[PDB]
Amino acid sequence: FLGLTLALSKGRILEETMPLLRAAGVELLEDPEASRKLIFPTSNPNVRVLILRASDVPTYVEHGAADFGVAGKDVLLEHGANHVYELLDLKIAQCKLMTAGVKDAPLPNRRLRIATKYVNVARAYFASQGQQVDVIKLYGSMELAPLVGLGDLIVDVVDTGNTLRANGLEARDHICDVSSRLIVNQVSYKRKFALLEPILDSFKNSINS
């Protein structure tokens, strides 16, 4: 396969990317959510889609196993974006990285323990606040950690805040806003520009409203 390989993830990113792709003349021929398949053809025979864990999107793109991809800023910040090109803020799958803890609980007067998936983001943010912190690396369900005393705060993505509230937690600090971003393999950008360019211009045009 000699065309372009696009790396996406399930849920919000796939949902919200699909209209951008359609306007660029790319449509999936089935629902990837309902399939065990991994590589998907599209209406354009120069473009195929990988469905990955959101976490693996920047990895596949960096190594050139995908030519380009849609990844959240949270994931890009955590992974490091030094070896891909961020070309667009797609303004989709919008949320915030926040810190949070048990509602009205006081912070202990000592080095804080941060339970999070976003270990690099947690360390960098607390460094900006004057705090060297310990991080407990986790993989899901951060909202449980403070309820069983695993760490003093969490760092996680928050959209509505309903998860936090449901668990008697509240956001303490806003870290940054997060949205999905168009990333490109640094070599594919050079070698496959004529394939990429009309799709990038289409996306840019679509985002302009």
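Position 1 is the first residue in the sequence shown; the rest follow in order.
- Mean CA B-factor, 81-89 versus 101-109: the higher value falls on 101-109.
- Stretches 137-145 and 47-55 differ in mean C-alpha B factor, with the higher average recorded for 137-145.
- The maximum CA B-factor among the listed residues 159, 31, 156, 67, taken from the PDB record, is found at 31.
- The maximum CA B-factor among the listed residues 94, 120, 129, 116, taken from the PDB record, is found at 94.
- When the modelled residues of the chain are ordered by their C-alpha B factor, residue 6 lands in the lowest third.
- Annotation for residue 35: CA B-factor lies in the highest third of the chain's modelled residues.
- When the modelled residues of the chain are ordered by C-alpha B-factor, residue 170 sits in the highest third.
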